[PDB]
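Here is the naming used below: chain letters follow the sequence lines, and residue numbers restart at 1 for every chain.
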Amino acid sequence: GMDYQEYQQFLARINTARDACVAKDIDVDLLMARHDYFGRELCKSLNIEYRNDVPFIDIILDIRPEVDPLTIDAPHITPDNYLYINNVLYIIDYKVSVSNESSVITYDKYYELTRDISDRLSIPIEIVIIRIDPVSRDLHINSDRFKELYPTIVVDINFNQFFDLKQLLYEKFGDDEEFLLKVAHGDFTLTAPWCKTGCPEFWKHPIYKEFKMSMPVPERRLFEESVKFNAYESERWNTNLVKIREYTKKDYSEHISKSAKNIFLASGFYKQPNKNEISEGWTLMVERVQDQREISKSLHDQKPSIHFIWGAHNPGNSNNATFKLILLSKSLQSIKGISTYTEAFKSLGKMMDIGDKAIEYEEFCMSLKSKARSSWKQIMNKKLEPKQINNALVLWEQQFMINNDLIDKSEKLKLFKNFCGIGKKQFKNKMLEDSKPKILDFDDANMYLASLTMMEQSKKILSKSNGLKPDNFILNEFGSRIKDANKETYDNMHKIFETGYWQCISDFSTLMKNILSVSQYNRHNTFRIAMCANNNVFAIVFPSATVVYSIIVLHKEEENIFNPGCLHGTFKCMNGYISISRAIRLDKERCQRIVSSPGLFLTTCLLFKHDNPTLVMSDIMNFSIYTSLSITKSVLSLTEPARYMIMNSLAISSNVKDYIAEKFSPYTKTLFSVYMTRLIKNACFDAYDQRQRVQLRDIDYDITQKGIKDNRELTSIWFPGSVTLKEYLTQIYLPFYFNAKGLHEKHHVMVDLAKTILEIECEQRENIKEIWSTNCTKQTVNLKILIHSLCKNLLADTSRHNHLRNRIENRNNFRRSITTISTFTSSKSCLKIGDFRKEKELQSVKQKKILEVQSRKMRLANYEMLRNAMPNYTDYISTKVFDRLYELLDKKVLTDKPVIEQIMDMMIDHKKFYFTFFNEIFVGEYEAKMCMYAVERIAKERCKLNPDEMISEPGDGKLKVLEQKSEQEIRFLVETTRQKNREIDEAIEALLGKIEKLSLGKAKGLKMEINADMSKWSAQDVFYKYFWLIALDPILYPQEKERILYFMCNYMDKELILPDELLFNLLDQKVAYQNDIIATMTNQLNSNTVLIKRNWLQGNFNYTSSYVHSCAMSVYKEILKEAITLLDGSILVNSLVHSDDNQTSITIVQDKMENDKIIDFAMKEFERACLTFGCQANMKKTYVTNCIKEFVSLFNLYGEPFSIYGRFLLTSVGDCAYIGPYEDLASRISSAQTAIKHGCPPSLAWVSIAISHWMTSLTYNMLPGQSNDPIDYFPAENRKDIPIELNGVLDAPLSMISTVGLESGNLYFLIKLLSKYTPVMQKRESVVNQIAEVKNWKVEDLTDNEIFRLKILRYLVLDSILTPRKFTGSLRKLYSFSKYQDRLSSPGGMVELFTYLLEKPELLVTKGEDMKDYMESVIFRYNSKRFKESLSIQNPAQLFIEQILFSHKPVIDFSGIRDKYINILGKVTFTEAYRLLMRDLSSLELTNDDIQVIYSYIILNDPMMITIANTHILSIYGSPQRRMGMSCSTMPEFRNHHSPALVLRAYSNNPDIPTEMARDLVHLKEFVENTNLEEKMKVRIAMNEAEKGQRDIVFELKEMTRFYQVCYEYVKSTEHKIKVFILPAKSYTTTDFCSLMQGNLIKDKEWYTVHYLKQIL
RNA sequence: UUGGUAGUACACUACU
RNA sequence: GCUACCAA
């Protein structure tokens, strides 16, 4: 082959090389040698003279000696060789390449540059590129004329020696990162392998053998060939892809064409909504429902539409608590007549009859309260003895003993067993496996009329004036701003607040708050009494998670009550009537929503009514009060399907028939549900009849006006009136968001989920046999089409970023320690398998002991078993992520080597996988999490490159993309139709019988929007298809592929673990063989596991699956395009993909076919496209329009963006962790912020903000006149002037609130001061200038309020403040906690660890890359009280009520607050904290320097706060204008290093442990010494210990922590988040965004232009 | 840890 | 579950 001396030299250089530099040079020399070697052998075959390089002037001098080299101006190119024959100049170049790319550039360059000289000399110059493929050895020559001179070229040439040399060089430097960078060139770069060896076990894996045998022989070879391929060692990175693509090209192209030709087979009759479709669907629905339910036509089977009866108040009587107590007692005893429970009721009134001894009652109660309020903790070891007060046995305020002297045992029993339903079961069952749930007959005539009268009656009663002042918190504290935003909404509030509706719901809320408060400490042998501001309504809280209660209403006329279907009986008493509701057993989470309901109801009504004069508020309220309060499964079964039913009904193409027939399953237990089912039914019919008004006709300015200039011509759904399209959509989609979470029980959501999973698995085992098919067989993939489409997409996507593998590694921290990755160190749940029999069986015993004790303590009248019955029980426990990492680190299973390297190892080591449900809906092992991390993050990055894949799109990016696509599509439709008819239009407008002939022949536009949904995405996918996605991937090495595929093989052998909960119930009633799917699939409860093969579990492979989804839509695009060119038309196809969400947009212009046939064609190919890739498009849900896009609950209407922003407003009432006034309010406010960027109008945002305040204050009894109300305790004559940190009212422009939330409260206050106290001459200056002028301020001139505020800002805010502490862990399952306990018990353990952390203070804020660092930082965490509390799951209802009940107890650690400004035993009450705060401030004065420090930490430290400050000062507003055409704009960056963890270590002073580390460190030190800190805490430490006379290791830790936490939040750069705002115009800069925001959020009806007087940022 | 004895604590309170 | 006392 090559020269031998030359060969041995290369072999010496390779052996000697120690540098990427040296090795790189060898690579170049090998290539250049190989190129020369070819040329020499090539020239020998052509029998011409060999020349390595030849100047072009020499070519001329040779063929034209008479030409003047000084005047010819020859090009500056150097061809390898040439040949002048027959007056034709052949320019030659040799290439050794498997690709033609080098040749194209060489040709284009040479050809272009030889044109000038060709024309001058009259010499034809032919450019000849002679290439040889070094693999096949085939020659390729472009020049047809050169092949005529050499029609037979033979080059017996062998490149084997060059391949061996290259291979030896590359093997030696394979791990050299620098080598890969230099060698790689230049559209593809790799990194070092993640592992050395592959996985031989893969090739023997039965599941691989299954995957193999299922393919034809060629595809087997190609798969094994593709796995063993690696781009690093190959000529090009894409050879494998290209090879496999070309092999499958024939069958692919035939599929595209065969499918495209189907356009001519379309009948044009596609699935389509109409009267009959709806009717027949409904018919089939009723049939199915009857099989599955027990239908009743009887009203007495009715369930409560609302868990509440109500009556108006009585101004004739007193509203004193004690008065009301007696009033009820007497009213109960004076019940007249005989009925089943009247004797018990009278007895109850007797048991709370304190007679006239009210003063005794009060003082007894206040005595008990004072005691309880004396302690932060609960009172212990002091028995509560009931006091005798008249006939009543009083245990506590409004708690009464169940006195057996005052009630017959026979009557008492009826009350519990039958009325309360406590301890009763009627098993009228015939076989072992025979009792269906009962519902009302929604389609019965009279049953409907029954529901209608309830709605009618409730309107007659609640519409009436409540006869109260409308005044309330929302109105008094936010009415002003709401009115200025929009007077209409202000008026609408009053309309509501004046009615019985508002009072009724407000009463239910207050009473429920009190019911819950009261239920907490209620005992098994006591009842309790709840009251509210309405002196006619009460609640009896019956003895015992849940509350059992009955509402009691006092009223004058007997039928004058609001009875939403839960009245038990109305009774005549002494001075009128008394009504009692059925006993209600309601879980406390529902109860908490009831408390919140006034917010929901107000929000709902104002929303539905907003800006619509056709709607009657009365009608709105009657509907809204039920949706707000009917917190039931009944309504849930209606609001979900309503979206699909109604939308399908008005769609171009859809399937109402099937959706209603199969999936609509009403649970009409209440009358309201029956009433609502009807509204939905009519909605569908009404929807179809106005279908043509929604869907656009044949139409640029005619299209956009429809959505922008939205006129009100559609029929309203839930109440009489007319409605715009937007408003129409809100009525359809909003109701789903009324629904509460967890309306289903614990046991019942699991069981349903378990059964579906198991059923699907069982179906597959017995029917699903095939993996591949060409006819879209159920749950199959078209093999060759998958392969070809993957190659094509893998090529296109990989080409648009050359450093992809690097991107993956860096963005997902593959190279870094596992201990530095959030998701691998989280507090999420995780699963581990092992032997925990003893632990659990001991707990089984200990649990039953505590059960019987409490069960024995009654003045009233099993794991071990499981594991004896189950031979194959896979034992397990659920721990936390960080805890499992600790354990594995501790047992040296894991290490702190790069995470990706351990993942690779884990893919071989973990052979058996397990998953289960929660205590991402599946919990997996930590090991499972590691493996899938690699696969999904690889996919993640390539999804980001793929332009159609959107699950990878960061932030709010989707809403902006939808808009860009739809504005691109309106353009295409318009311009394309205008250009196709330019000539027809000209002939027409030039000139009625001959105009008509021409107007038919013109092209018609077709726009269709496919809003699609995929079916059983994860449960019925063809998981095998992803094997190719891995094998074909060029960025993966063979060793990496082998391990990944071995994992995926194992993954298809994974097992689901059935929670013991499911297994008990079945064993409990297992007398013999049973057919329940759970027992069936467990070999009759032999195992607690089931093998789950084909179902990859929901949430685990989203990116991977979403990438293939994109591939399926790329085939779809090609089919539609080919189909339309057969009609010589134009087409634009766009597709947006998001796991099981798909929005595909088609725009067509053609003149040979009716649109109905194109629609019919397009949908069938959509269905087929999904199926060929193993996806099942769901046509019950999938619907088609020509104007409305829907994608992941985002809309685009005729080009304009649209969102159901209401859903965020409804969640702004319940979302908080219940920690404190400031935190809770912050949490609730962020929902209003979200709604704003989603298009919420100004006035409705304020209502949300108002409600948020109310709920927050309500939680801590801080409302006006309430105990913890701080107004009187501070220098302020208005809530707006009291700080936000002390639960003051928020005061700031809405534009500012939107951008920076609660922190705007202070920021605005500081801005008011600048506007007031800077000199008259400086007022028009920027912020920085006005802050400098603070040194010329007079503190003495400031008002008391202003100094109070400033003092708080200075000494408290710098580095939330009034946060209650709780006495509370139950952390037995945490491995790391047990170790923390070993260290507590160890003699010097903890001090040793505290010491270690002070030495490495980096660990106080971060977690080091080191293992030891991590393990020791975790043990440390446990020393924190608040951390340990986080690990235990907490019921939000219990968090809510605990906060209420402890409101008067001392829960403020003021000593923790006070110490921070110095240079008392235990806890304190809220109210006492206020007082202590004021006192301290009085003796702590405020200087001009202090005020500057305030401005510098708040304003000047944040570029955002500077900008926002300037925007408010320097702005001036232009005249108002309408809102027309809203646009999506991304929020720009305002703010302008290395890993914070290491940077902080360097600080404690060696940038070593590059130079840039010092660069970081230098300006970290500047931040320190300017606002001195290093010297501040050193002094602060020295003081504390000198006072104590001994070292205080705790205080030193606290100080250090905050010192370094300040540094941690200074160093770390925040990655700019993508958040998109709907605005009146487009924002192109930071200046635009502020002006628009500032100008868009002031008035509902109009918006303003905002200009500025000076520079801003 | 086991066994025994005795307990297990609090809001609304309102123009109505 | 938590608390106080007692016994091992």
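- Nucleotide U16(B): unpaired (no Watson-Crick or G-U wobble partner with both distances less than 3.5 Å).
- Side-chain contact of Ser375(A) with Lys1449(A): a donor-acceptor pair under 3.5 Å is absent, judged by distance alone.
- Chain A approaches RNA chain B over the interval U1(B) to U16(B), counting the first and last nucleotide 5' to 3' with an atom under 4.0 Å from its heavy atoms.
- Across all strands shown, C6(C) is found opposite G3(B) as a Watson-Crick or G-U wobble partner, with both distances under 3.5 Å.
- Annotation: side chain of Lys387(A) is not in contact with side chain of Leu393(A) (no heavy-atom distance under 4.5 Å).
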Less than 3.5 Å apart, which donor and acceptor atoms pair up between the side chains of residues 498-508 of chain A and the rest of the protein, not counting sequence neighbours?
residue: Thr499(A); atom: OG1; partner: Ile496(A); partner atom: O; Å: 2.6
residue: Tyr501(A); atom: OH; partner: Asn622(A); partner atom: OD1; Å: 3.0
residue: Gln503(A); atom: NE2; partner: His313(A); partner atom: ND1; Å: 3.4
residue: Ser506(A); atom: OG; partner: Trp502(A); partner atom: O; Å: 3.0
residue: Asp507(A); atom: OD2; partner: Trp310(A); partner atom: NE1; Å: 2.9
residue: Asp507(A); atom: OD2; partner: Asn534(A); partner atom: ND2; Å: 3.3

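- Of the residues in residues 530-547 of chain A, those lying under 4.0 Å from RNA chain B by heavy-atom distance are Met531(A), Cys532(A), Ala533(A), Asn534(A), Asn535(A).
- Each of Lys324(A) and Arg523(A) has a nearest nucleotide on RNA chain B; the 5'-most of these lies closest to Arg523(A).
- Expressed to the nearest 0.5 Å, how far CD1 of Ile552(A) lies from CG of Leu348(A) amounts to 7.5 Å.
- Backbone-only contact: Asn1261(A) has heavy atoms under 4.0 Å from sugar-phosphate atoms and none from a base.
- Heavy-atom distances under 4.0 Å link RNA chain B to no residue of residues 584-596 of chain A.
- Below 30°, between 30° and 60°, or above 60°: for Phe1440(A) and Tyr1218(A) the angle between ring planes is between 30° and 60°, a tilted geometry.
- Of the N and O atoms on the side chains of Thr879(A) and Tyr1375(A), not one donor lies less than 3.5 Å from an acceptor on the other residue.
- Remark: the separation of the P atoms in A6(B) and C10(B) is 24 Å, to the nearest Å.
- Here the side chains of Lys880(A) and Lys1373(A) are not in contact, with every heavy-atom distance at 4.5 Å or above.
- Side chain to side chain, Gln592(A) and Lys513(A) fail the donor-acceptor criterion of an N or O pair below 3.5 Å.
- Annotation: of the two residues near RNA chain B, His1448(A) and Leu368(A), the 5′-most nearest-nucleotide partner is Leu368(A).
- Side-chain atoms of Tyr1474(A) and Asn1268(A) include no donor-acceptor pair closer than 3.5 Å.
- For the strand neighbours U5(B) and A6(B), base stacking is present under the 5.5 Å centre-distance and 30-degree plane-angle rule.
- No salt bridge links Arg1228(A) with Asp1215(A); every basic N to acidic carboxylate O contact stays at or beyond 4.0 Å.
- Near RNA chain B, defined here as any heavy-atom distance below 4.0 Å, the residues from residues 848-861 of chain A are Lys849(A), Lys857(A), listed numerically.
- Looking at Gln520(A) and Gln1438(A), their side chains do bring a donor and an acceptor atom within 3.5 Å of each other.
- There is a side-chain donor-acceptor pair under 3.5 Å between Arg1372(A) and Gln843(A).
- Note that CD1 of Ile306(A) is 12.5 Å distant from OG of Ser581(A), once rounded to the nearest 0.5 Å.
- If you check every strand for non-hydrogen atoms under 4.0 Å, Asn466(A) touches nothing.
- The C1'-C2'-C3'-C4' dihedral of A4(C) is positive. Its furanose therefore counts as north.
- Taking the P atom of each, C2(C) and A11(B) are spaced 25 Å apart, rounded to whole Å.
- Among the heavy atoms of the strands lying under 4.0 Å from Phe1446(A) are primed sugar atoms or P, OP1, OP2 only; no base atom is included.
- Side-chain contact check for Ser1376(A) and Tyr1422(A): at least one donor-acceptor pair (N or O, by modelled atom type) lies under 3.5 Å.
- Atoms OG1 and CD1, from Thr570(A) and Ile561(A) in turn, are 4.0 Å apart once rounded to the nearest 0.5 Å.
- Side chain to side chain, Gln398(A) and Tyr361(A) fail the donor-acceptor criterion of an N or O pair below 3.5 Å.
- One distance of note links CG of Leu1374(A) with CG of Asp883(A); it measures 4.5 Å at 0.5 Å rounding.
- At a non-hydrogen distance threshold of 4.0 Å, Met380(A), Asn381(A) from residues 374-404 of chain A come into contact with RNA chain C.
- Residue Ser1447(A) is out of contact with every strand shown, counting any heavy-atom pair closer than 4.0 Å.
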